[PDB]
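Protein chains in written order, with the authors' numbering: chain A, 1 to 258, 265 to 543; chain B, 4 to 258, 264 to 543. Here a beta-carbon is modelled for each residue, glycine too, at the ideal position from N, C-alpha and C. First comes the structure, then the notes that go with it.
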Amino acid sequence: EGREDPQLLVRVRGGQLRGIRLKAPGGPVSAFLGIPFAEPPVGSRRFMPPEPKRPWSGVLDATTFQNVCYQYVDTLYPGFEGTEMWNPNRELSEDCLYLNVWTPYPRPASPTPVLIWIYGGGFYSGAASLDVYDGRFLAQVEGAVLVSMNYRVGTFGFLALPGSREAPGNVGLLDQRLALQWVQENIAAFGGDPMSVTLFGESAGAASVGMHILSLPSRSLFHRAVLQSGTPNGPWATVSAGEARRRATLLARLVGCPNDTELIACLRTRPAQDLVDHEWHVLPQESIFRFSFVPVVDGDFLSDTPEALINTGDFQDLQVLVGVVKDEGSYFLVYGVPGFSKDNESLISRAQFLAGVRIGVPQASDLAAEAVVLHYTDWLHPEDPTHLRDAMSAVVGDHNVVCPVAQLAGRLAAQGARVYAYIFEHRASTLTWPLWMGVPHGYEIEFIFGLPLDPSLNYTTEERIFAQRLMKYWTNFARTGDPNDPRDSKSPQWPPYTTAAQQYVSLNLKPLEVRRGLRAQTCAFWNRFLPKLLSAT
Amino acid sequence: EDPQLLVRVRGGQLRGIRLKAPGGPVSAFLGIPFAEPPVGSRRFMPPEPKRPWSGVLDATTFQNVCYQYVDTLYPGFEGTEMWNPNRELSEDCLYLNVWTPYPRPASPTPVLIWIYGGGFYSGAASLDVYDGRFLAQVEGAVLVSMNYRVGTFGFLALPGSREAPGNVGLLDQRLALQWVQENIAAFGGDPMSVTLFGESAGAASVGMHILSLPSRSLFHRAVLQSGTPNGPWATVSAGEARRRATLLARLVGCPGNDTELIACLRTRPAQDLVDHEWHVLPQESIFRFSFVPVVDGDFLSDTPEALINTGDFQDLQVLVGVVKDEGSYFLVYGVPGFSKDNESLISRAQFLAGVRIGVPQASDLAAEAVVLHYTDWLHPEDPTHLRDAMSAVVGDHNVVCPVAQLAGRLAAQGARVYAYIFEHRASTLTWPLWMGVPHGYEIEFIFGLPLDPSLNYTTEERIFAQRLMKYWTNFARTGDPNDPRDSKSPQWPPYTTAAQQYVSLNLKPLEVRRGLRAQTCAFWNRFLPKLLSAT
Ligand SMILES: COCCOCCOCCOCCOCCOCCOCCO
Ligand SMILES: CCN(/C=C/CNC(=O)c1ccc(C)c([N+](=O)O)c1)CC
Ligand SMILES: CCN(/C=C/CNC(=O)c1ccc(C)c([N+](=O)O)c1)CC
Ligand SMILES: *[C@@H]1O[C@H](CO)[C@@H](O)[C@H](O)[C@H]1NC(C)=O
Ligand SMILES: *[C@@H]1O[C@H](CO)[C@@H](O)[C@H](O)[C@H]1NC(C)=O
Ligand SMILES: *[C@@H]1O[C@H](CO)[C@@H](O)[C@H](O)[C@H]1NC(C)=O
Ligand SMILES: *[C@@H]1O[C@H](CO)[C@@H](O)[C@H](O)[C@H]1NC(C)=O
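Structure (structure tokens):
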């Protein structure tokens with residue numbers, strides 16, 4: 001060294017790092033990108049829990065994002081911004097267990113609360129290096145230390161032969177836990193406070209945050225949690241051990257690997279792409295919002311089902327922020343329900359609605375399906391194509407996100423937790439999906455991370471002010487367990503969600519509005535009635 | 004002797020009586036026999052036409068009430084006593100009443116025929132709230148009402164037997180309808196314009212005449228207030244009617265083929281049968297009645313649901329409707345926690361228990377479905393919400409949703425259908441405020457009782473009653489309740505399956521609404537029948 005920026009050089013447990021000085025709209029931030037936190041889970045380590053990264057020699061260059069975990073790449077609308085913004089933006093590789101750190105420049109004086117991001121992507125996709133997860137704005141404007149990790153997805157992260165030693169399952173969650181242990185040991189070297197760590201994540205990343213809440217070994221690694229449009233409970237975030245075994249065994253057959267040791271050994275000789283090319287083909291029914299390889303209820307990482315664990319756990323110590331976007335379901339309709347396209351209005355027939363309910367609720371018996379169709383039909387206009395389109399969206403969003411979130415918020419609150427709930431209702435002026443899709447799944451993230459502050463990106467001025475308000479809420483929650491500004495009592499206040507009052511806030515361009523009941527009538531259908539109907543039929 | 008009060012019908016001569024209505028006199032012919040008294044060997048048998056008589060028969064007073072249970076829940080309280088028999092009880096009760104204008108109509112006049120309710124176990128055409136003088140005087144109508152047998156006497160059935168074939172109380176109604184055909188022209192009535200109207204069990208009876216071909220040639224239009232032939236209480240299967248009759252016979256000590269069983273029942277004094285009438289229901293329930301019309305394959309060739317689903321109604325005009333709180337009345341008669349004397353704020357546990365009583369045929373899963381649909385999950389334990397939800401369950405299950413189903417099926421199969429909800433609560437009502445507008449408390453307005461200054465109704469209620477009398481009689485005259493001379497825009501539109509328009513009847517002008525509890529009635533009419541079948 002000697003000629004380098006002395007404020008970009010840092011030592012962690014594994015050796016010396018060189019970061020890079022990035023420009024944010026209000027000034028510089030420090031980024032340390034591509035820090036390895038595990039041994040590369042390659043070859044004999046495929047499907048195995050991660051091992052801590054062995055120390056390296058010299059100064060590791062941490063100025064660029066590392067490889068994205070090998071994954072399926074979405075090809076539905078090739079070249080369309082609305083899909084490509086989620087696709088891998090670095091080389092696909094099984095050598096992908098790296099994390100990223102953004103801090104103020106120069107690094108902070110006092111120990112600073114840490115935010116750890118866990119990306120979504122249905123547990124089959126995602127990367128911490130995507131533009132919408134850019135930590136520079138929270139670091140610069142709010143002074144936060146922000147960490148994001150890559151974790152294995154798809155078969156590499158979640159293929160399980162439950163009870164085997166060579167594929168115990170949930171190793172993608174163990175990747176996340178190892179990054180959390182890395183933060184505990186090393187974040188102080190960046191000025192981060194290991195005693196104030198807040199997890200946040202969206203969709204499967206939110207479900208992941210919920211699983212760390214529910215898994216004893218993770219609970220000593222963080223203090224507060226944010227779950228955006230996802231829950232560990234609900235119909236897609238976990239599978240039984242029997243179902244995971246069935247899916248792993250079918251996938252093996254499809255790639256030519258007909265005793266668990268021999269089966270897994272043959273799988274480890276298969277090229278990564280061959281596994282990806284058959285991943286989607288093991289689902290038990292025609293479905294949407296269902297993913298082949300997800301966390302497994304193993305009796306280990308998850309000692310029981312999430313529903314059992316949230317129904318009986320002690321959460322006196324927990325502060326959580328949870329919420330949903332306005333149109334959770336619309337995104338999923340164009341990836342499978344006949345009649346839906348991003349390129350037309352998707353006005354569907356009653357027949358297409360019934361067929362779509364079977365795909366969106368693939369576990370429903372005929373009676374359960376008919377119950378869904380009866381609840382969601384508008385009986386003054388039972389065949390109006392616009393209502394049917396919007397009802398199909400609401401079926402998929404309610405069943406997979408809103409009512410699982412309502413259930414989690416209600417159970418956590420009844421069990422001692424401080425819960426804050428929101429609905430996010432603003433549609434980005436820059437959104438490229440059609441207007442009928444409303445505010446789709448995932449389109450609050452760019453506002454939480456403060457992308458509207460980047461002048462290049464063509465957001466409106468009000469969207470810039472809105473983004474800053476949101477970053478305030480999130481970082482205030484990280485700092486204190488309370489999204490409200492300890493000062494500004496003039497601005498309306500965000501009350502806790504309670505079982506008795508069920509209050510939550512609207513997040514849009516106008517000041518906070520408090521509302522009661524998270525789709526309370528409809529979610530009683532999903533959360534109380536439907537399980538008893540399915541058990542009887 | 005007043006010649007306006009002397010009439011010759013086919014059976015002989017009648018003397019009526021001149022009555023005072025607020026606007027002038029009316030002619031009343033009360034207590035006209037239309038059948039041989041159904042006594043002794045004729046108990047449980049179809050009625051027979053009245054034999055001719057000599058001289059002038061005195062038709063100046065109401066005749067006996069058909070033998071029936073007398074309600075004793077709140078003795079001496081007007082709200083219950085107003086429905087109790089106001090003449091002596093007798094099985095010799097097959098008489099009818101005719102109100103005409105004074106002087107007798109110069110041209111043939113549309114006829115309204117009232118069929119009273121009372122759950123098929125009670126009722127009488129002599130009740131003060133069925134007083135026909137106001138409709139006759141103000142609207143110039145000819146009004147007819149008949150007594151028909153109720154309880155075991157009208158509906159005890161050993162299906163297939165010769166001595167108790169079932170439905171004889173409905174045959175009583177039909178005989179009176181044919182009497183109107185043969186005789187009403189002598190009073191100035193027009194036998195070619197006959198409108199039936201009735202409430203609760205009487206509306207269900209009107210519906211059953213719609214669905215039985217021999218009655219169709221006896222009337223032209225129909226009004227069904229707060230009751231339907233379809234739905235859970237108005238009929239029983241042949242198998243269940245046989246079970247109840249056999250059980251009642253067991254209870255009164257009658258040991264055996266149908267002939268001997270019915271013979272021993274015929275020896276029992278009337279009160280012996282009434283004493284056990286209420287003891288044969290298969291479950292603890294409300295809004296269920298032991299002896300009601302039976303699907304015999306004769307009067308009712310199939311179930312009302314099958315018949316309204318397949319019938320052709322292209323030349324039928326129907327007016328149907330409900331009151332705002334169909335269910336509240338029934339809660340104080342069985343549901344623990346409910347009383348006319350306190351606000352009946354109930355717990356959640358009492359709500360669950362009430363749903364089993366109010367939907368006595370529901371499985372556990374179906375009862376859970378009802379509870380979860382009617383709970384307000386924003387206030388799941390609020391006593392006021394739970395009370396009002398209990399009322400709504402009973403009213404929707406038994407009246408509102410069956411009415412919506414009938415209106416939609418009739419409209420879809422060519423019928424002209426007009427629909428209403430009645431939302432004015434009488435200023436004179438004696439039931440508590442939490443019961444709202446209870447089952448049966450639109451009748452006094454249709455019949456025009458507010459026009460009597462002595463009953464202390466408000467001036468707005470007099471105006472409102474006149475408006476309703478005009479809807480009903482305009483519908484009787486034309487099949488359309490809209491005034492053919494009122495040219496303002498508060499028009500009552502026909503109910504259709506597409507737009508589902510109905511109107512609210514209250515002190516303010518007609519307002520048009522769409523959808524008669526469409527979402528909730530879809531649960532009752534579409535989902536729950538599939539659920540009870542499956543599990
Ligand atoms: C406007 O009132 C609607 C009150 O809905 C309560 C919803 O609770 C869920 C309880 O589950 C009941 C089971 O349902 C089966 C479906 O039947 C049709 C529902 O019919 C319309 C619902 O909108
Ligand atoms: C927000 C909606 N997303 C698209 C949803 C539809 N595609 C899938 O569900 C899917 C796709 C591919 C695989 C391998 C898979 N699997 O194995 O689970 C599941 C955005 C990219
Ligand atoms: C509008 C409600 N009415 C009262 C409802 C409760 N009583 C009954 O239902 C009842 C009462 C008696 C008998 C024989 C019977 N049966 O066997 O059919 C049913 C008016 C007072
Ligand atoms: C929209 O487009 C898709 C495919 O292009 C098609 O299947 C669907 O029927 C279309 N919908 C409408 C309403 O045109
Ligand atoms: C923003 O708008 C300008 C047009 O003035 C355009 O040239 C530029 O490419 C846009 N940038 C983005 C990110 O949309
Ligand atoms: C109303 O009174 C009845 C009898 O007096 C009683 O059984 C019932 O519990 C009371 N209801 C309430 C809500 O107190
Ligand atoms: C009407 O009110 C008066 C009291 O001013 C009373 O004397 C009379 O009996 C009341 N009539 C009825 C029918 O209640």
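Between the segment 207-216 of chain B and the segment 299-317 of chain B there are three or more inter-stretch CB-CB distances shorter than 8 Å, so the stretches are counted as touching. Between residue 519 of chain A and chain B, the shortest Cβ-Cβ separation is not below 9 Å. Residue 287 of chain A is classed as exposed because its beta carbon has fewer than 16 other beta carbons within 10 Å across all chains shown. Nearest to residue 91 of chain B by C-alpha distance, out of B:183, B:485, B:70, is B:70. The C-alpha of residue 415 of chain A lies about 43 Å from the C-alpha of residue 272 of chain A.
Assigned with DSSP and collapsed to three states, residue 117 of chain B falls in strand. Short note on residue 459 of chain B: C-beta not closer than 8 Å to any heavy atom of ligand 7. Residue pairing for residue 100 of chain B: DSSP places it in a beta bridge opposite B:148. Our two residues, residue 486 of chain A and residue 323 of chain A, have alpha carbons roughly 13 Å apart in a direct line. Taking a C-beta distance under 9 Å as the contact criterion, residue 183 of chain A and residue 197 of chain A qualify as a contact pair. The beta carbon of residue 257 of chain A sits no closer than 9 Å to any beta carbon of chain B. Taking 8 Å as the Cβ-Cβ cut-off, the segment 474-493 of chain B has no residue approaching chain A. Between residue 404 of chain A and residue 525 of chain A, the CB-CB gap stays under 9 Å. Using a C-beta cut-off of 8 Å, the segment 128-147 of chain B makes no contact with the segment 71-82 of chain B, since fewer than three inter-stretch Cβ pairs fall below that distance. In the DSSP assignment, residue 198 of chain B falls outside any alpha helix (DSSP H) and within the unbroken beta strand (DSSP E) covering 192-202. Under the 9 Å criterion on CB atoms, residue 409 of chain B is classed as non-interfacial with respect to chain A. Note on geometry: alpha-carbon atoms of residue 65 of chain B and residue 434 of chain B lie some 27 Å from one another.
Residue 224 of chain B: member of the beta strand (DSSP E) spanning 224-228, first to last residue. From the beta-carbon of residue 527 of chain B, the residues of chain A found nearer than 7 Å are 385. Distance between residue 364 of chain B and residue 455 of chain A, taken at the CA atoms: about 53 Å. When the beta-carbon positions are compared, residue 36 of chain B and residue 53 of chain B come within less than 9 Å of each other. Taking a C-beta distance under 9 Å as the contact criterion, residue 346 of chain B and residue 447 of chain B do not qualify as a contact pair.
The beta carbon of residue 121 of chain A does not come within 9 Å of any beta carbon belonging to chain B, so the residue lies off that interface.
With a contact defined as Cβ atoms closer than 8 Å, residue 410 of chain B and residue 233 of chain B qualify at about 5 Å. In terms of CA proximity to residue 42 of chain A, A:277 leads the group A:115, A:277, A:117, A:187. When the five nearest sequence neighbours on each side are left out, the beta carbons in the same chain lying within less than 7 Å of the beta carbon of residue 95 of chain A are those of 40, 42, 67, in order along the chain. Short of 7 Å from the beta carbon of residue 532 of chain B, and not among the five residues preceding or following it, lie these beta carbons of its own chain, in chain order: 404, 405, 409. In chain order, the residues positioned with their C-beta nearer than 7 Å to some heavy atom of ligand 5 are A:436, A:462, A:463, A:464. Taken atom to atom, the span from the alpha-carbon of residue 389 of chain B to that of residue 355 of chain B is near 7 Å. Residue environment analysis places residue 320 of chain B among the exposed positions, since fewer than 16 neighbouring C-beta atoms fall within 10 angstroms of its C-beta. Between residue 102 of chain B and residue 136 of chain B, the C-beta gap is smaller than 9 Å, which places the two residues in contact. Runs of beta strand (DSSP E) with 3 or more residues, each lying fully within the segment 380-460 of chain B, are found at 424-430, listed in chain order. The DSSP-derived three-state label of residue 338 of chain A is helix.
About 24 Å separates the beta carbon of residue 298 of chain B from that of residue 399 of chain B, a gap too long to meet the 8 Å contact definition. Our two residues, residue 341 of chain B and residue 300 of chain B, have alpha carbons roughly 19 Å apart in a direct line. Per DSSP, residue 351 of chain B is not a residue of any beta strand (DSSP E), being assigned neither H nor E.
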